[PDB]
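Heads up, the thing below is written out as structure tokens.
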Amino acid sequence: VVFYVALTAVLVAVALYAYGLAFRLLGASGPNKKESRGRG
């Protein structure tokens, strides 16, 4: 573990936006209004 310091900075915490469509479980304070897609 590194307490995600690189992910939060050089990847701008993008895991939040991924969870906000790959999981979208809760929405009181975060992204929850999209779902997964594909072409194959």
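Convention: chains lettered A, B, ... in structure tokens order; per-chain residue numbering from 1; ligands numbered from 1 as shown.
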* Please provide as a PyMOL selection string all residues within 7 Å of residue 22 (chain A), with the sequence filter that same-chain residues fewer than 2 positions apart are discarded (counting only C-alpha atoms). => chain A and resi 18-20+24+35-36
List as a PDB file with N, CA, C and O atoms, in the first residue's frame the protein and nucleic acid residues near region 2-4 of chain A, meaning an atom at most 9 Å away when only C-alpha atoms are counted, but skip any in the same chain fewer than 4 places from it.
```pdb
ATOM      1  N   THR A   8      -4.497   9.466  -6.767  1.00  0.00           N
ATOM      2  CA  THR A   8      -5.148  10.735  -6.395  1.00  0.00           C
ATOM      3  C   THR A   8      -4.578  11.967  -7.131  1.00  0.00           C
ATOM      4  O   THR A   8      -5.254  12.995  -7.195  1.00  0.00           O
ATOM      5  N   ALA A   9      -3.386  11.876  -7.740  1.00  0.00           N
ATOM      6  CA  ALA A   9      -2.666  13.016  -8.322  1.00  0.00           C
ATOM      7  C   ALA A   9      -2.397  12.870  -9.835  1.00  0.00           C
ATOM      8  O   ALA A   9      -3.022  13.572 -10.630  1.00  0.00           O
ATOM      9  N   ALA A  13      -7.658  10.903  -9.164  1.00  0.00           N
ATOM     10  CA  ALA A  13      -8.658  10.086  -8.460  1.00  0.00           C
ATOM     11  C   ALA A  13      -9.759   9.480  -9.369  1.00  0.00           C
ATOM     12  O   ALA A  13     -10.892   9.269  -8.927  1.00  0.00           O
TER      13      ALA A  13
END
```
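The coordinates place CA of residue 30 (chain A) at 8.2 Å from CA of residue 16 (chain A).
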* To do: Give me, please, the distance in Å between CA of residue 6 (chain A) and CA of residue 32 (chain A), quoted to one decimal.
  => 24.2 Å
